[PDB]
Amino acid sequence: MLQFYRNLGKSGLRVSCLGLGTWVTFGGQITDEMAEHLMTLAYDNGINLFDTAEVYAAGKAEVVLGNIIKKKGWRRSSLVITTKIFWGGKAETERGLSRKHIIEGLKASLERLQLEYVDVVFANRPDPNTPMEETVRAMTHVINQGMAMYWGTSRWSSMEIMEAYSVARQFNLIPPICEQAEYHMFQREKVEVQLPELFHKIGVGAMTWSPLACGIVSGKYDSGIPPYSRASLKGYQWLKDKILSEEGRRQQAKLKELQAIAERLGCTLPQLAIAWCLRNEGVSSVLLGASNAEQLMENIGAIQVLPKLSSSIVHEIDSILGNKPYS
């Protein structure tokens, strides 16, 4: 049976199995009014996890997220707000995981969010120019300063996450509680094989992103790049190329076969994809993305699909994908 709320890794932080992200949309692709409606729908449906980053829309995503929280007046204690730090400006010192940028970056993010603290502050990616000890000491400092409750990693290799733990235990600092990693039918290796090891060894939880591979898994690009789609937005040529790549067309081919299973289960492809991401209880929460209310409500409906993901169905999906990693 699905437990809607679960611990993020071994930490005491309880999050909904689904969260709502703000990449591309908040302060960018969608209006603040649409953003307000989406967050309200999420909150009213039990979602307590909202993710953002200092880099999203050059800080505007955080401003919008913060405005909604203040306008709606929801109790701060009922929300789990997370933000990621790494890209905070054009100046040399305004990027990275140095103590200087972690403190300056988080302080600026909190100011934009109109919050005293975030529940989890994440390193948006690894920093090849800053030693682990400095970063872990900085993360520990902002937590001790009450600017964050916990910290986590994103896009870090399992060895790098273990290195952070090593530094934390050697210098009696605070270890990370979660790794925010990409997870969907076409990106499974890290989450299915590596993360479970980190959970058992050092309690690291898995909060996944892009469950629909930026919308690709929806099947919407089955015949070209639809107008208004993310892949058609300015600054997202990389996504369009990926979709139009040889491999991208392959993916669409497999999606048609997966569509057959969805109809069979009585759900949509996106609902099948999102439910699939939560099938295994190694994933603490899946961060959703949505440009409108129809998509968000559809996505939230993935919860009803879970009970239907039998061993046979899963095996059938693995046969189609043909990318089941080795354990």
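Sequential numbering from 1, following the sequence displayed.
| task | Give the stretch, out of 48 to 56 and 293 to 301, with the larger mean C-alpha temperature factor in the deposited entry. | result | For C-alpha atoms only, the mean B-factor is higher in 293 to 301.
| said: Which is higher on mean Cα B factor in this entry, 106 to 114 or 251 to 259? | reply: Mean CA B-factor is higher for 251 to 259.
| field | Highest recorded Cα temperature factor - choice among 169, 76, 220, 101 | value | The record points to 220.
| message | Highest Cα temperature factor in the entry, among the options 16, 22, 319, 11: which one is it? | response | In this record, 319 carries the highest C-alpha B-factor of the candidates.
| task | Select lowest, middle or highest to describe the third in which the CA B-factor of residue 197 falls within its chain in this entry. | result | According to the entry, residue 197 has a C-alpha B-factor in the chain's middle third.
| Chain-wide C-alpha B factor ranking for residue 269, given as lowest, middle or highest third | Residue 269: CA B-factor falls in the highest third of its chain.
| task | Pull the Cα B-factor of residue 144 out of the PDB entry and bin it into the chain's lowest, middle or highest third. | result | Tercile = middle for this residue's CA B-factor.
| field | Position of residue 155 among the chain's modelled residues by C-alpha B-factor, lowest, middle or highest third | value | For residue 155, whose C-alpha B-factor we compare with every modelled residue in the chain, the answer is the lowest third.
| query | Looking at the C-alpha B-factor of residue 243, is it in the lowest, middle or highest third of its chain? | reply | It falls in the top third of the chain.
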